[PDB]
Amino acid sequence: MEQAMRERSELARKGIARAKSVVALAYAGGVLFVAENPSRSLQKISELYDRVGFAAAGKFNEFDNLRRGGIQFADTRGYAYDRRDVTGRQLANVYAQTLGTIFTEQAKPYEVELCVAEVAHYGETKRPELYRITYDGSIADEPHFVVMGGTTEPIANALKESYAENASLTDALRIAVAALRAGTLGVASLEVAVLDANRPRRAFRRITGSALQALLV
Amino acid sequence: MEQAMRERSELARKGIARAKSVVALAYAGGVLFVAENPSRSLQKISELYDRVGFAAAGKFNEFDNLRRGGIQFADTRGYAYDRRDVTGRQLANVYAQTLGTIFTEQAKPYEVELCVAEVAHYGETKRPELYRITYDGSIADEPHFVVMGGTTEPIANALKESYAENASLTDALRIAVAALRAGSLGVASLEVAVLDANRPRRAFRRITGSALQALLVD
Amino acid sequence: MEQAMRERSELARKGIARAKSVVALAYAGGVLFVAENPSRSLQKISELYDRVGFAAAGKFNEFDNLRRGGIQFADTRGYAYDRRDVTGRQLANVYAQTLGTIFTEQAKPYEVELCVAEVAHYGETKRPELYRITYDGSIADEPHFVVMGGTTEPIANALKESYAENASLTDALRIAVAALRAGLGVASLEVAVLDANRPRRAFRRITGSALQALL
Amino acid sequence: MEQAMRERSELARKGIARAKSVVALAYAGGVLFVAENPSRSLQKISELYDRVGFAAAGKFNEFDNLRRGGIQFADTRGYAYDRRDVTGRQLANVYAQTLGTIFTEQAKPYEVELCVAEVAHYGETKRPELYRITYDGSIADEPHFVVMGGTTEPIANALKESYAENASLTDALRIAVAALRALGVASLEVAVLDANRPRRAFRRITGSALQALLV
Amino acid sequence: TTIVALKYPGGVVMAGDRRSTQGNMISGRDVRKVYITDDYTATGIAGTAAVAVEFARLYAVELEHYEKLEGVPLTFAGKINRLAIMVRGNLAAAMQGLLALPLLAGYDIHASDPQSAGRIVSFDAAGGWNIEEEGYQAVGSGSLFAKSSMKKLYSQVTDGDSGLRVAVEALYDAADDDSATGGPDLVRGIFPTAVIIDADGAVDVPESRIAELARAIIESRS
Amino acid sequence: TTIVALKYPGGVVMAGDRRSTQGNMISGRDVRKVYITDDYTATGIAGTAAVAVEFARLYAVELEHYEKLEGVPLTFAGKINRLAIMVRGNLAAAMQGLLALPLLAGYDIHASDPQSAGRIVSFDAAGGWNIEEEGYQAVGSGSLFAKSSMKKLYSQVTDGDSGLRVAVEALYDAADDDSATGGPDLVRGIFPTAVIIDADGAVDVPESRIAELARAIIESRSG
Amino acid sequence: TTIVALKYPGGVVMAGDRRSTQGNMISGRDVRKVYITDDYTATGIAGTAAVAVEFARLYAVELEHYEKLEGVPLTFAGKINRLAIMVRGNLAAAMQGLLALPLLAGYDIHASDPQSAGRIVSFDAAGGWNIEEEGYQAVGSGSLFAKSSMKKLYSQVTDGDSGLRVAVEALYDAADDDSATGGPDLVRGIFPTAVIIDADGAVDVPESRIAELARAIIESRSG
Amino acid sequence: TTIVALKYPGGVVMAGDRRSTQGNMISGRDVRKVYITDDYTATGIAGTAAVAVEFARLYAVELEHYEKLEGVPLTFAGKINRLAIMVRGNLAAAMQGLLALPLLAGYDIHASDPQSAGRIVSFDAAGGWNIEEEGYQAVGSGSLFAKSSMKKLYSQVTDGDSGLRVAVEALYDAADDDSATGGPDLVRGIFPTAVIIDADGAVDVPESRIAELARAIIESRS
Ligand SMILES: Cc1cc(C(=O)N[C@@H](CC(=O)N2CCCC[C@@H]2C)C(=O)N[C@@H](C)C(=O)NCc2ccc(F)cc2F)no1
Ligand SMILES: Cc1cc(C(=O)N[C@@H](CC(=O)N2CCCC[C@@H]2C)C(=O)N[C@@H](C)C(=O)NCc2ccc(F)cc2F)no1
Ligand SMILES: Cc1cc(C(=O)N[C@@H](CC(=O)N2CCCC[C@@H]2C)C(=O)N[C@@H](C)C(=O)NCc2ccc(F)cc2F)no1
Ligand SMILES: Cc1cc(C(=O)N[C@@H](CC(=O)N2CCCC[C@@H]2C)C(=O)N[C@@H](C)C(=O)NCc2ccc(F)cc2F)no1
């Protein structure tokens with residue numbers, strides 16, 4: 001029993017440790033996702049729902065399976081009730097249940113770490129919410145930032161000394177890429193997006209290409 | 001768990017290492033597929049959809065199951081939505097999920113490596129896209145070429161120092177055949193095909209017989 | 001995993017290596033099947049479809065299973081499309097898939113080796129096709145002959161030395177019986193032919209005094 | 001994999017080794033089944049169909065399940081087609097398939113050995129056919145006799161030394177009993193596939209009549 | 001039946017008659033057709049008594065089920081969608097006589113203005129719904145009479161009290177012209193039930209108040 | 001439609017017309033209704049064209065399927081029973097207008113006397129069959145005409161040429177009295193299809209032989 | 001009901017009336033029948049209020065579902081096929097009185113010429129669709145009147161604002177001849193709803209603009 | 001609707017009208033009823049517009065599906081079998097009004113004689129089929145008119161140009177007697193669609209060529 005679960009835990013951890021790292025932090029305009037991703041078309045950050053965003057680390061097919069399941073959950077609940085009943089807390093909760101089931105019952109555990117974020121609805125005053133779901137269904141409520149994958153202690157500490165609330169978009173971005181480096185890196189090796197509390201309905205936005213370049217400098 | 005996934009990984013990897021080699025290559029007119037293959041009718045390169053092609057290394061019946069599954073998926077999406085909604089990205093994504101599941105839950109993992117390629121729709125300007133999907137669901141977006149099966153380091157090196165994005169069909173073909181030899185060769189031992197971005201609708205086209213001979217010689 | 005597949009592979013290979021041998025070779029008239037076979041009623045060679053024939057080596061109940069499954073496939077596809085859509089390539093393809101599944105998932109792997117052959121339709125020019133499918137679903141395209149069962153090496157070499165394209169029925173038959181011996185009269189032989197000169201059903205058995213006359 | 005299959009093989013092999021023995025042989029009047037059977041009411045020899053008879057050695061409940069499944073097969077096929085389409089080779093073939101499936105898949109392999117025999121239809125001239133299906137689905141086509149169960153080699157030897165084609169009923173019976181000792185009416189189950197009866201060839205030879213024959 | 005609902009400054013009121021019939025025969029005098037379905041919501045239901053009550057019961061259990069599972073109550077929009085889905089699910093039965101046709105009155109705690117946050121939602125037997133912008137609405141065999149009354153009396157609604165008065169007098173006119181709607185029964189002491197909902201939640205209106213208003217309308221007419 | 005079948009010494013012959021209709025309208029002129037179902041048997045079917053043809057194709061596949069699976073062809077009795085089972089299976093559809101009423105002719109290689117090995121089997125829509133002992137049979141909308149014709153002409157049947165003559169003439173009478181059965185079309189060259197079966201197997205009668213017999217019948221009846 | 005759509009240079013407009021009935025009885029004065037279903041498409045459905053709304057909502061959800069799952073929206077063709085599939089799915093209910101008949105207006109961000117990137121797609125109850133090439137379309141009980149009116153007025157459409165006036169006018173005529181289509185209600189201040197779509201996306205038309213167009217139409221047709 | 005198909009020396013031509021109705025009301029002027037279903041095959045379908053188009057789309061997808069799965073296209077006999085099966089599969093819905101009656105035209109790359117490799121196959125609603133041997137066929141509400149026209153005009157079919165002209169003229173005669181088949185529209189410039197197949201494949205006939213043919217026919221009849 002306990003040996004099986006220690007093995008599953010280790011296989012998973014070693015999976016996530018060997019993955020490229022990801023950071024999502026609260027900033028003045030909402031929440032920022034910055035991910036080490038050289039791919040041209042395969043994405044690790046994603047929209048879940050109107051004000052709810054998603055980012056993961058680990059094995060791509062597994063956390064993409066989870067992203068898709070989450071979009072299914074969100075759209076279904078929004079339809080059967082109302083759009084405004086879909087919340088980040090809910091999706092973190094279902095991811096917790098889903099990953100716990102996966103971790104105890106599936107042939108192999110998912111080598112995955114997940115971050116669900118929510119910003120306020122348009123015109124409302126509400127602190128952004130970050131949640132981290134680890135491979136075994138553990139769920140953590142985080143106030144300022146979330147760090148996932150690779151070697152996290154360096155990046156988390158970098159942020160812990162450089163993170164300041166109400167940061168602007170460029171400041172927050174540079175703090176995030178700086179923390180990532182502690183673990184040369186520009187448009188071609190980054191996937192960036194934001195939950196932008198200023199947009200009226202769909203808050204998820206990718207910042208790519210000329211825009212991202214402009215913001216890095 | 002650890003030993004099980006350990007020797008699953010070893011069994012797939014070594015199955016693929018003993019299989020003939022295959023090369024997919026961006027060239028001036030689209031994508032070129034060249035596979036070491038002695039059969040006249042048994043195929044490891046195949047059309048998937050209008051502008052999307054497929055190549056595989058490893059155990060034939062397994063990558064053929066996968067090829068058939070992919071044709072099923074593409075024809076189904078195209079009919080459910082419109083043909084223009086089928087992309088190489090989608091097929092690669094579905095292959096990574098499928099092969100991940102196979103790898104963790106099937107009696108034997110599949111001894112296969114897959115390449116999905118896509119070229120521009122007719123009249124459009126879009127650099128080809130090449131995707132590699134390995135036995136465990138890992139997926140990699142690649143810029144110029146993909147090498148699968150057998151001993152890949154030599155062939156990748158030959159292409160890295162020989163590759164030309166703007167080569168002609170003939171040039172790209174002899175580059176690919178050269179690299180395949182450097183990984184160890186005529187019409188009777190090759191399967192060649194192309195995703196031709198110049199065709200109006202279906203870009204997939206095989207290059208057989210005296211035509212393939214013409215491309216090899218002079 | 002590695003343990004299991006090693007065991008399954010060796011069980012299959014030992015089974016087949018203990019079984020009697022079978023040869024199929026292309027000759028001027030079509031395809032010739034010759035199998036060492038002492039039974040008078042139990043058969044190792046079979047018709048599949050109009051121009052497609054089947055030969056198997058190993059455990060009878062298992063390759064008879066796969067023979068019935070092939071006939072099911074052939075007839076069902078021919079009814080669903082047209083008779084001419086059925087090919088040896090696709091029968092061989094589905095046997096590849098089937099033995100692959102069997103080999104990895106049945107309680108015991110099948111101890112069988114399979115050959116599927118096609119000849120041209122009446123009045124057309126098409127080199128015969130020969131396919132060899134082994135117990136793990138591996139499939140091979142062969143131009144001249146296919147050897148299955150028992151010690152395949154002596155027979156394969158004998159055929160490599162003695163095989164000539166477009167032999168006579170008599171000469172192909174002699175070459176075959178001779179390569180077989182390297183690892184035999186009427187009463188110990190089952191012989192059949194895919195006869196490209198038959199109008200629709202090419203499969204024909206050469207039995208009794210007719211076989212004797214060519215021996 | 002090879003472990004399981006070895007243990008299965010020798011479990012069934014030893015089971016059959018311990019069982020009483022059964023012989024079946026072709027004679028001038030059809031086919032004769034003679035088995036050692038102390039019971040007065042439990043049968044090891046059975047009619048399957050018009051001209052098709054069944055005999056078995058080993059564990060009773062298992063070869064009785066197979067006997068019943070065979071009758072089911074014959075009555076279903078004769079009904080689904082015509083009576084005349086049911087052959088001994090058809091029953092022997094499906095017994096092969098079944099015993100193979102049992103052998104690889106059942107919780108315990110069956111400890112049985114089966115003989116299926118067929119005599120000519122009334123008024124025809126057809127050599128009796130004898131089939132022997134072993135515990136692993138292996139099947140064999142026999143021209144003169146089959147021995148099953150217990151120590152088969154003494155009996156096989158006796159018959160190979162004492163067997164004569166077209167023997168009379170009383171003689172074949174004598175030789176058969178003799179081979180079995182290598183045994184009176186109360187210890188013998190004896191039946192015949194009588195090729196001179198119009199429809200159903202199977203008839204037991206029991207009690208007084210059996211004694212008159214043994215005398 | 002007549003169920004009525006109307007918006008007044010800072011709240012909403014809903015009121016329903018007490019009559020049950022089978023054809024022409026009076027089978028009940030004291031049935032309740034208006035239910036507090038949660039702290040900020042009442043549903044009045046016309047149709048088959050059993051299906052109506054079943055709807056109210058199920059609906060309240062459903063809204064609270066969500067609230068306990070998710071830690072927060074459904075938005076008003078979601079509450080509407082769940083009632084509407086219930087009605088649509090019953091259409092097949094409703095065509096065979098088992099009809100539940102609801103009317104929703106709520107107070108939206110999330111709305112901007114705590115004086116216009118009152119909500120009245122009408123439904124049709126397919127589950128179609130509409131949020132009533134003109135201040136009042138009614139359902140049931142007497143709903144036309146009730147609506148044509150409130151059309152004239154609605155200018156008198158200035159607070160909870162006058163709104164309840166107009167609601168009970170609408171129910172009165174309904175009873176005057178529809179025999180399937182019960183009027184105030186002064187002999188037995190049975191009167192329409194009513195709920196009023198404001199920022200402080202939904203509350204049952206004391207019978208004695210409705211009786212007072214009924215006696216005042218009755219006296220007024222004679 | 002009219003399909004006819006009849007025995008002649010040492011074999012059997014089956015012929016069928018070529019017409020396809022939708023009410024009064026002629027929708028087809030060259031349809032084929034008589035089919036070599038295997039080396040020794042032909043089935044001809046009347047009713048709805050799609051279901052008729054479907055039956056013929058599936059029944060042929062079934063016989064050859066048994067023969068390949070078992071190494072031996074079904075007995076003639078088994079062939080009958082399989083056709084009857086198919087027919088019974090179609091009954092509900094047949095009552096809703098998807099009708100298939102067949103007629104079977106063949107040569108029984110396992111019969112006693114090659115002198116009387118020809119077989120004519122008729123069916124009804126519930127799947128009942130009967131092995132005709134009086135030498136001829138017909139099915140389809142023109143069947144009673146063709147059978148009364150053959151009732152007068154059968155004594156003229158002494159070999160396969162006479163048998164094929166009598167069957168073409170039966171079809172001719174049938175088309176003469178039943179507008180849903182087509183007669184010979186001399187303008188277009190379309191004549192009934194015919195199978196003749198003996199110990200050497202079932203073979204198609206070339207169109208030109210039917211043409212010749214047609215012209216003989218016409219000229220016989222005009223003068 | 002009357003819903004109209006038409007193409008103007010560079011864009012499309014769609015407008016719908018506000019009326020809900022049960023038989024003769026007016027059960028709604030402010031219902032919304034035209035909906036922005038994605039950033040570049042609007043859908044307007046006639047039929048049973050409940051099914052029509054449910055369609056608009058579920059369709060928007062399906063389009064955004066695809067966009068989130070695959071990182072890119074459906075092609076316009078795909079969007080059409082999904083609406084058609086929904087309608088076909090509802091057919092049996094619609095033949096029992098739960099009808100939803102949509103009219104689709106859109107701007108194709110992948111069309112060749114942006115000035116004619118406008119798209120107007122009409123549907124029938126079976127899910128058959130046609131992309132309208134003569135520039136306008138209408139659905140609902142008043143769509144005949146609206147379409148004849150537009151046949152006469154379309155030549156005046158030279159831009160978005162004249163397209164909006166023509167759409168409002170078509171709805172006016174419709175309400176003039178069809179009691180199940182509501183006209184502008186000047187006492188209550190309720191007017192048709194309008195969506196307009198160009199390269200910058202789909203935007204709701206403010207009620208005041210529709211009100212001005214309506215009052216102009218009314219004064220025009222008066223003294 | 002009217003769809004026509006005819007063989008000409010070395011190929012085949014199919015053409016269809018453009019009209020869509022609902023009873024007497026004209027609901028479509030430019031609908032397409034003839035579809036290149038693969039490199040050597042076109043199918044035209046009469047009946048319920050939605051069902052006809054669905055049949056063409058799914059049919060071509062089925063043929064290409066087989067091609068990419070097996071590496072080789074279905075024989076012509078196999079394409080016929082598959083279309084037939086689709087129709088028989090739809091019989092139940094067809095009885096209730098979702099009808100789809102196809103006409104198949106093709107060029108058999110495996111036929112013996114290239115000059116007679118053209119194929120025309122007609123179908124009935126039960127899935128029965130027939131390979132036409134007399135040169136021409138038609139389908140839809142106007143097909144009797146079109147076939148009776150072609151019967152007179154077919155002797156003039158000596159090449160693809162004559163074949164195309166005779167086809168368009170049959171569509172013209174149909175539209176002249178069947179209000180559910182649309183004639184050439186000169187005001188709008190809408191003309192029948194047409195596809196021609198020979199050894200080089202199946203190709204769409206440009207609208208302007210159909211227009212020239214149309215005017216020549218009208219002229220010739222005035
Ligand atoms: C299929 C069927 C219908 C009926 C029926 O007509 N049932 C009557 C109700 C009735 O006779 N009853 C007395 C005993 C039990 C309880 C109840 C009170 C009804 O439903 N009549 C309809 C016309 C009606 O009056 N509906 C009013 C109403 C609305 C909402 C509500 F909650 C309660 C109500 F009574 N019975 O079976
Ligand atoms: C459900 C349905 C039935 C029909 C229908 O009546 N279909 C006609 C046949 C017809 O119009 N067709 C032309 C296009 C296709 C092929 C075929 C030839 C039929 O079935 N008619 C019956 C009454 C008939 O004539 N049957 C004769 C017949 C018998 C056996 C056979 F094999 C073929 C035949 F045509 N249509 O839809
Ligand atoms: C089975 C059934 C049908 C009906 C019915 O007639 N339902 C009416 C709608 C109605 O009475 N209502 C008021 C309260 C509820 C919601 C809505 C506002 C309808 O559907 N009438 C048709 C004739 C109609 O008016 N349709 C207009 C329309 C079109 C699109 C849209 F989105 C909304 C609409 F109201 N009731 O039960
Ligand atoms: C259950 C049902 C049937 C109908 C109906 O009659 N639908 C009409 C089609 C129609 O009104 N439409 C305009 C808007 C949408 C698309 C289409 C173009 C039809 O099917 N009519 C039949 C009689 C017809 O005219 N069919 C011609 C036709 C044939 C083949 C083809 F591919 C397309 C066609 F329009 N509506 O609901």
Side-chain angles (χ1 to χ4, degrees), chain B residues 43 46-52 54 67-68 70-80 82-83 86 199-206, chain C residues 76-87 89-90, chain G residues 81, chain H residues 3 5 11-12 14 16 32-45 51-90 100-111 117-123 127 129 131 195-204:
Chain B
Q43 68 275 47
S46 167
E47 175 176 14
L48 289 189
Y49 213 63
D50 298 329
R51 321 299 283 185
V52 183
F54 167 106
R67 179 190 73 90
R68 297 185 174 256
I71 297 170
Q72 179 60 351
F73 173 92
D75 295 339
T76 285
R77 283 300 195 76
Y79 184 82
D82 175 58
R83 309 190 72 78
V86 174
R199 306 282 295 291
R201 185 181 68 263
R202 298 168 63 184
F204 190 84
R205 191 224 309 164
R206 292 180 181 291
Chain C
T76 288
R77 279 275 257 272
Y79 186 81
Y81 298 105
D82 181 71
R83 303 195 70 86
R84 288 218 55 175
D85 293 291
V86 182
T87 71
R89 193 194 55 70
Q90 64 177 204
Chain G
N81 193 21
Chain H
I3 322 279
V12 77
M14 181 182 278
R32 187 190 184 91
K33 313 177 191 186
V34 172
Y35 286 92
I36 288 182
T37 41
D38 78 2
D39 280 320
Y40 299 92
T41 292
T43 61
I45 310 189
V51 175
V53 177
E54 205 206 1
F55 266 51
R57 194 162 174 262
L58 183 52
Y59 185 50
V61 159
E62 177 173 8
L63 294 185
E64 193 180 273
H65 191 71
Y66 190 100
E67 180 171 25
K68 305 185 300 197
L69 278 181
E70 308 299 302
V72 75
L74 277 170
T75 64
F76 192 72
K79 308 181 180 177
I80 304 182
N81 202 6
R82 300 316 300 179
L83 187 50
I85 288 167
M86 205 174 302
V87 171
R88 181 69 169 268
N90 193 45
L101 256 189
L103 186 53
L104 189 68
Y107 186 87
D108 187 359
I109 57 174
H110 307 312
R119 302 271 166 279
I120 300 178
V121 179
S122 51
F123 296 82
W129 50 267
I131 290 171
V195 173
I196 178 162
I197 323 171
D198 64 18
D200 295 312
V203 66
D204 265 314

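First the proteins, then the strands, lettered A, B, ... as listed; each starts at 1. All heavy atoms count here, side chains included; hydrogens, waters and symmetry mates do not.
Using a distance-only test at 3.5 Å, with no hydrogens or angles considered, a donor-acceptor pair links the side chain of B:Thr76 to the main chain of B:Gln72. Put simply, the side chain of H:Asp108 never gets that close to the backbone of H:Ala117: no donor and acceptor are under 3.5 Å apart.
Residues passing the side-chain contact (heavy atoms from CB on, under 4.5 Å) test with B:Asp50 are B:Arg83, B:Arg201, B:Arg202, H:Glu64, sequence neighbours excluded. With sequence neighbours left out, H:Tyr66 forms a ring-ring contact (aromatic ring centres under 6.0 Å, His included) with C:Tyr81. Applying the side-chain contact (heavy atoms from CB on, under 4.5 Å) criterion to B:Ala74, with sequence neighbours excluded, gives B:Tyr49, B:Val86, B:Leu91.
You'll find the side chain of H:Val72 stays beyond 4.5 Å of the side chain of C:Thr87, heavy atoms only. Contact of the H:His110 side chain with the H:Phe76 side chain is not registered, since no non-hydrogen atoms from C-beta on lie closer than 4.5 Å. Using a 4.5 Å heavy-atom cutoff, the side chains of B:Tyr79 and H:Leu58 are in contact. For the pair H:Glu70 and C:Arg89, the minimum side-chain heavy-atom distance is below 4.5 Å. Proximity of H:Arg119 to H:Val12: side-chain heavy atoms (C-beta onward) are nowhere separated by under 4.5 Å.
Exactly one residue among H:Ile45, H:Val34, H:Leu101 makes a side-chain contact (heavy atoms from CB on, under 4.5 Å) with H:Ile3. That residue is H:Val34.
The heavy-atom pair separating H:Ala5 from H:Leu103 by the smallest distance is CB-CD2, 3.8 Å. The two residues C:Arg84 and H:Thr75 make their nearest non-hydrogen contact at CB-CG2, 4.0 Å. Closest approach of H:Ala202 and H:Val195 over heavy atoms only: CB-CG1, 4.3 Å. In terms of heavy atoms, H:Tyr107 sits closest to H:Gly11 at CD1-CA, 4.5 Å. The heavy-atom pair separating H:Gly44 from H:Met14 by the smallest distance is N-SD, 3.3 Å.
Of the inter-residue distances, the one linking H:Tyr59 atom OH with H:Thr43 atom OG1 reads 7.0 Å to the nearest 0.5 angstrom. For the atom pair OH (H:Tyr40) and CG (H:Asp38), the distance works out to 9.5 Å, reported to the nearest 0.5 Å. Taking CG of C:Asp82 as the start and CZ of C:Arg77 as the end, the distance is 13.0 Å to the nearest 0.5 Å. Between H:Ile36 atom CD1 and H:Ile196 atom CD1 the span is 11.0 Å, to the nearest 0.5 Å. Atom CZ of B:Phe73 sits about 11.0 Å away from atom CG of B:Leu48, to the nearest 0.5 Å. In this structure, CG on B:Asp75 lies 3.5 Å from NZ on H:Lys68, to the nearest 0.5 angstrom.
Taking the charged nitrogens against the carboxylate oxygens, H:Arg32 and H:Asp204 do have a contact shorter than 4.0 Å, which makes a salt bridge.
Under the 3.5 Å distance criterion, with hydrogens and angles disregarded, a donor-acceptor pair is assigned to the side chains of B:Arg67 and B:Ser46.
Cation-pi geometry between H:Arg57 and H:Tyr35 is not met at under 6.0 angstrom from the ring centre and within 45 degrees of the axis.
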